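**Q** I'd like to ask some things about the structure below.
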Amino acid sequence: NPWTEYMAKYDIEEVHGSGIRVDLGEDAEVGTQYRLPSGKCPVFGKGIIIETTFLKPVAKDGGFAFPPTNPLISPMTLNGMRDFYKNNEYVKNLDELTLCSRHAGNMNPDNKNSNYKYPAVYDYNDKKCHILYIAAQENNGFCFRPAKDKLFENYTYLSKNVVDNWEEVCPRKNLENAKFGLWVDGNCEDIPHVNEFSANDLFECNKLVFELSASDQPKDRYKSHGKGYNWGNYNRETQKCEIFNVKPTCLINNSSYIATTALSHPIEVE
Amino acid sequence: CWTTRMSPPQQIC
């Protein structure tokens, strides 16, 4: 299988290792244990819909983000962060997503050393890192839910564990003229069983895959560890989002198709 | 109030 190295980033269980729709793959104490995001990959286009937009600072007149601080460490621009850490050579040159993740992970709420590290959102639109004070992602029993949405397409959801080489080992772009397959005896075969959801465009397919992807809460017991319906083959001609839950191990050339994952950006292709 | 984990340690409120 010559696809092995290339397909590694699509082994979402291995490279991400946590929930995607809802990421709560670890626990940390602050006396009391709390659930918190721990996925190793950035989630492109993921945001939180409040049923106040969620990047507003916490106060129900407030959102999910860090309250104002002195100095203001959230929200903080990329340049603001690089300046803040200008003396730290291990941090100052990190890519924007990892830096945002490390910046959020810098703020210890236990003022003893604790393992609790806030998740974050980097907004590519105005180059701002938003530390999330609230790590919750769904409450549909304040009612809210995670989603991919046009309003969120420049948002990126970042756990404390985002790896510094995510660009190399994590999905971002959708693959044009390509279909996920399974390598069997020297040939790339079709995913034998897929779940067909109609979708008007690639965005809607990406949205659907996200909705069905690995999730660490319903709607240790609940942890997905990255297992789930994380991949989709979008047939742009029949407008079918072909969703499946086993890792792909090769690509098939097919101009009718675009290959997407729950982690991938909902628009960008390569 | 939070405390930075990376040196230099500081208190940000």
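Letters A, B, ... go to the chains of the structure tokens in the order shown; residues in each chain start at 1; ligands are counted from 1 in the same order.
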Could you give me, as JSON, numbers by chain, the residues within 12 Å of residue A:1, counting only C-alpha atoms and dropping anything in the same chain fewer than 5 positions from it?

**A** {"A": [6, 7, 8, 182, 183, 184, 185, 186, 187, 188, 249, 250, 251]}

**Q** Tell me which protein, DNA and RNA residues are within 8 Å of stretch 118-132 of chain A, counting only C-alpha atoms, leaving out same-chain ones fewer than 5 positions away, and put them as a ChimeraX atom specification.

**A** /A:36-37,55,64-66,74-78,96-97,100-101,104-105,107,154-160

**Q** Just C-alpha atoms for this one: save the residues we selected as a PDB file, in the first residue's frame.

**A**
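Listed below is the output, result-v9.pdb:
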```
ATOM      1  CA  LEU A  36     -12.309  19.007  28.830  1.00  0.00           C
ATOM      2  CA  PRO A  37     -11.432  18.930  25.095  1.00  0.00           C
ATOM      3  CA  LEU A  55     -17.304  34.288  21.282  1.00  0.00           C
ATOM      4  CA  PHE A  64     -18.408  31.320  26.207  1.00  0.00           C
ATOM      5  CA  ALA A  65     -15.191  33.332  25.993  1.00  0.00           C
ATOM      6  CA  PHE A  66     -12.755  34.596  28.637  1.00  0.00           C
ATOM      7  CA  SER A  74      -8.344  37.221  25.419  1.00  0.00           C
ATOM      8  CA  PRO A  75      -9.176  37.977  22.742  1.00  0.00           C
ATOM      9  CA  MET A  76      -5.618  38.388  21.481  1.00  0.00           C
ATOM     10  CA  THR A  77      -4.402  38.828  17.917  1.00  0.00           C
ATOM     11  CA  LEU A  78      -1.691  36.647  16.402  1.00  0.00           C
ATOM     12  CA  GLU A  96      -1.379  30.501  14.624  1.00  0.00           C
ATOM     13  CA  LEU A  97      -3.519  27.536  15.744  1.00  0.00           C
ATOM     14  CA  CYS A 100      -3.595  29.985  20.226  1.00  0.00           C
ATOM     15  CA  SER A 101      -3.920  26.547  21.851  1.00  0.00           C
ATOM     16  CA  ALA A 104      -5.092  29.271  26.204  1.00  0.00           C
ATOM     17  CA  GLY A 105      -3.192  26.441  27.903  1.00  0.00           C
ATOM     18  CA  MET A 107      -3.736  30.228  31.991  1.00  0.00           C
ATOM     19  CA  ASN A 154     -13.352  31.048   9.589  1.00  0.00           C
ATOM     20  CA  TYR A 155     -13.558  29.756  13.156  1.00  0.00           C
ATOM     21  CA  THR A 156     -11.311  26.935  14.314  1.00  0.00           C
ATOM     22  CA  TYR A 157     -11.999  24.942  17.486  1.00  0.00           C
ATOM     23  CA  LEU A 158      -8.825  24.112  19.403  1.00  0.00           C
ATOM     24  CA  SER A 159      -8.309  21.804  22.373  1.00  0.00           C
ATOM     25  CA  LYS A 160      -5.346  22.059  24.746  1.00  0.00           C
TER      26      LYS A 160
END
```

**Q** Would you write out, as JSON lines, a table of all residues in chain B that have an atom no more than 7 Å from an atom of chain A, listing for each the closest atom pair and the distance in Å to one decimal, considering only C-alpha atoms and ordering rows by chain and rising residue number?

**A**
```
{"residue": "B:2", "atom": "CA", "partner": "A:109", "partner_atom": "CA", "distance": 4.9}
{"residue": "B:3", "atom": "CA", "partner": "A:108", "partner_atom": "CA", "distance": 5.0}
{"residue": "B:4", "atom": "CA", "partner": "A:107", "partner_atom": "CA", "distance": 4.9}
{"residue": "B:5", "atom": "CA", "partner": "A:106", "partner_atom": "CA", "distance": 5.2}
{"residue": "B:6", "atom": "CA", "partner": "A:106", "partner_atom": "CA", "distance": 6.4}
{"residue": "B:12", "atom": "CA", "partner": "A:70", "partner_atom": "CA", "distance": 6.1}
{"residue": "B:13", "atom": "CA", "partner": "A:69", "partner_atom": "CA", "distance": 5.3}
```

**Q** Could you take the residues named above and write them with C-alpha atoms, as a PDB file, in the first residue's frame?

**A**
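Contents of the output file again17.pdb:
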```
ATOM      1  CA  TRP B   2      -5.291  33.181  36.488  1.00  0.00           C
ATOM      2  CA  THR B   3      -1.623  32.312  36.754  1.00  0.00           C
ATOM      3  CA  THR B   4       0.569  31.718  33.708  1.00  0.00           C
ATOM      4  CA  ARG B   5       2.278  28.335  33.615  1.00  0.00           C
ATOM      5  CA  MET B   6       5.155  29.433  31.375  1.00  0.00           C
ATOM      6  CA  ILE B  12      -3.568  37.988  35.318  1.00  0.00           C
ATOM      7  CA  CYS B  13      -6.991  39.020  36.617  1.00  0.00           C
TER       8      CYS B  13
END
```

**Q** When you look at stretch 192-198 of chain A with a cut-off of 10 Å (counting only C-alpha atoms), what residues show up, excluding the ones that are within fewer than 4 positions of it in the same chain? I need them as a PyMOL selection string.

**A** chain A and resi 181-182+204-205+208-209+229+231-235+238-246

**Q** Convert the current residue selection to file output with C-alpha atoms, as a short mmCIF file (atom, residue, chain, number, x, y, z; two decimals), in the first residue's frame.

**A**
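Written out: result13.cif:
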```
data_model
loop_
_atom_site.label_atom_id
_atom_site.label_comp_id
_atom_site.auth_asym_id
_atom_site.auth_seq_id
_atom_site.Cartn_x
_atom_site.Cartn_y
_atom_site.Cartn_z
CA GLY A 181 -11.50 3.95 -0.52
CA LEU A 182 -10.07 0.82 1.10
CA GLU A 204 -23.73 20.76 3.53
CA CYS A 205 -21.93 17.41 3.26
CA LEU A 208 -23.63 16.48 7.93
CA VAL A 209 -20.43 14.51 8.52
CA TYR A 229 -18.71 8.67 11.28
CA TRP A 231 -15.53 10.70 6.80
CA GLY A 232 -17.71 11.45 3.80
CA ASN A 233 -17.46 10.96 0.05
CA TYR A 234 -19.39 13.80 -1.58
CA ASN A 235 -20.72 13.05 -5.04
CA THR A 238 -25.81 13.07 -7.58
CA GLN A 239 -25.59 15.39 -4.56
CA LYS A 240 -25.01 12.49 -2.20
CA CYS A 241 -23.02 12.77 1.02
CA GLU A 242 -21.73 9.23 1.44
CA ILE A 243 -20.92 8.98 5.13
CA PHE A 244 -19.01 6.15 6.83
CA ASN A 245 -17.20 5.28 10.06
CA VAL A 246 -14.15 3.20 9.11
#
```

**Q** At a cut-off of 7 Å, using only C-alpha atoms, what residues contact residue A:161? Leave out same-chain residues fewer than 3 positions from it and give the result as a list in words.

**A**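 Selected residues are residues 38, 39 and 40 of chain A.
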
**Q** Please produce an output containing N, CA and C atoms for each residue in the selection, written as a compact mmCIF listing (two decimals), in the first residue's frame.

**A**
```
# COMPACT_ATOMS: atom_id res chain seq x y z
N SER A 38 -9.69 17.49 24.20
CA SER A 38 -8.34 16.92 24.15
C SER A 38 -7.95 16.40 22.77
N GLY A 39 -8.71 16.77 21.74
CA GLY A 39 -8.41 16.36 20.38
C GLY A 39 -7.10 16.96 19.90
N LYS A 40 -6.31 16.16 19.20
CA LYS A 40 -4.98 16.60 18.77
C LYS A 40 -5.02 17.41 17.47
```

**Q** Provide the atom CA of residue A:95 to atom CA of residue A:162 distance in Å, to one decimal place.

**A**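 According to the coordinates, atom CA of residue A:95 and atom CA of residue A:162 are separated by 11.0 Å.
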
**Q** Restricting the calculation to only C-alpha atoms: of A:228, A:17, A:45, A:57, which residue gets closest to residue A:146?

**A**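 Of A:228, A:17, A:45, A:57, the one nearest residue A:146, counting only C-alpha atoms, is A:45.
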
**Q** Just give me the gap between atom CA of residue A:164 and atom CA of residue A:79 in Å, one decimal is fine.

**A** 18.0 Å

**Q** Point out the residue among A:200, A:227, A:94, A:84 with the least atom-to-atom distance to residue B:7, counting only C-alpha atoms.

**A**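 Ranking A:200, A:227, A:94, A:84 by distance to residue B:7, first place goes to A:84.
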
**Q** Identify which of the residues A:166, A:44, A:80, A:2 lies closest to residue A:92, counting only C-alpha atoms when measuring atom-to-atom distances.

**A**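 For residue A:92, the nearest of the candidates is A:80.
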
**Q** Could you tell me how far atom CA of residue A:98 lies from atom CA of residue A:10, in Å and to one decimal?

**A** 19.5 Å

**Q** For a quick check of understanding, using only C-alpha atoms, which of A:47, A:31, A:226, A:266 has the smallest distance to residue A:145?

**A**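 Selected residue with least distance to residue A:145: A:47.
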
**Q** Write down as number ranges by chain the residues of stretch 21-204 of chain A whose backbone DSSP state falls under strand (DSSP E or B).

**A** A: 22, 26-29, 33-36, 43-44, 46-50, 57, 65, 76-77, 107-108, 120-123, 128-132, 139, 144-148, 155-158, 174-183, 188-190, 195-198
